[PDB]
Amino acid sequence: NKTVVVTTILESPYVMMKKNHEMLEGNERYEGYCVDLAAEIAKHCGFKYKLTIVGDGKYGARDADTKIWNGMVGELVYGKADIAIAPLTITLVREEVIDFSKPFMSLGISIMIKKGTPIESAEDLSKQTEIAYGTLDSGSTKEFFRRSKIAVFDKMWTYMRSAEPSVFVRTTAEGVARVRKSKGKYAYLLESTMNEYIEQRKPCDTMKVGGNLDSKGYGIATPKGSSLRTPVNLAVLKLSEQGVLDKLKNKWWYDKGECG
């Protein structure tokens, strides 16, 4: 039986480098929610696997010109990986080229501010120009704003797409740093999951504000026609019903809380 190649992404607390990683080899180098999730899926489906960090560090989007897929989605599409186990958002354009399991975690787009920033909603952001705001590149949040027909979000997109200097970031960490070092002059649009995690990390200077802008989920992805599709889906449902997914959420978000 062949070793399953898992594509994932370095995104805290989903996949993180272990303290002693320089001593370690293979899967032992990593820890986090998706590392634990990969182990559980593999156990239930009965396969051996190798965790591999996506080469370009991206989630996945299709270039409007070339129509080529990048990120983890690209790795599945082009045969470079057998499965993605990551905070990968279930979307229509992605479901057209890969398969997703039932969602293992719920999330919505949300707003991160530096504490004390005079903003409490997306409407607030759209009605002013003093505080800049942006999203991650090559992900579902950027596509959300690009495609939205809702007035407030369309207004936000029109601003973001032409903002100078660029309001878009290559990694979540870059977005977080920009909030922290901009004296309240930058707000970051990101998924509630990542937002809530950062909010509980030192130096405890960020805050989630307003309601989630949408309601969606992360799913485990496989290339079309994969023999792993059905087993993985059943595994996710079993893990959900056994309470394992809730246990892993508490382990990596709330048991780790640093902000009291």
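Note that residue numbering begins at 1 and tracks the sequence as displayed.
A.B. asks: Compare the mean C-alpha B-factor of 34-42 with that of 187-195 as given in the PDB entry, and name the stretch with the higher value.
C.D. replies: Result: 34-42.
A.B. asks: For the C-alpha atoms alone, is the average B factor greater in 231-239 or in 24-32, going by the entry?
C.D. replies: Averaged over C-alpha atoms, the B-factors run higher in 24-32.
A.B. asks: Per the coordinate record, which of the options 106, 89, 128, 117 holds the highest CA temperature factor?
C.D. replies: Highest C-alpha B-factor among the listed options: 128.
A.B. asks: With respect to the C-alpha temperature factors reported in the PDB entry, which of 93, 76, 179, 163 ranks highest?
C.D. replies: When the deposited C-alpha B-factors of 93, 76, 179, 163 are compared, 163 is largest.
A.B. asks: Using only modelled residues of the chain, where does the Cα B factor of residue 221 rank: lowest third, middle third or highest third?
C.D. replies: For residue 221, whose C-alpha B-factor we compare with every modelled residue in the chain, the answer is the lowest third.
A.B. asks: What third of the chain, by the recorded C-alpha B-factor, contains residue 147?
C.D. replies: Middle third by C-alpha B-factor.
A.B. asks: Within this chain, which third does the Cα B-factor at residue 69 fall in: lowest, middle or highest?
C.D. replies: It belongs to the middle third of the chain when residues are ordered by C-alpha B-factor.
A.B. asks: Quick check for you: using the entry's CA B-factors within this chain, is residue 58 in the lowest, middle or highest third?
C.D. replies: For residue 58, the deposited C-alpha B-factor lands in the lowest third.
A.B. asks: Using the B-factor values recorded in the entry, state whether the Cα atom of residue 123 falls in the lowest, middle or highest third among the modelled residues of its chain.
C.D. replies: Highest third - that is where residue 123 ends up once the chain's C-alpha B-factors are sorted.
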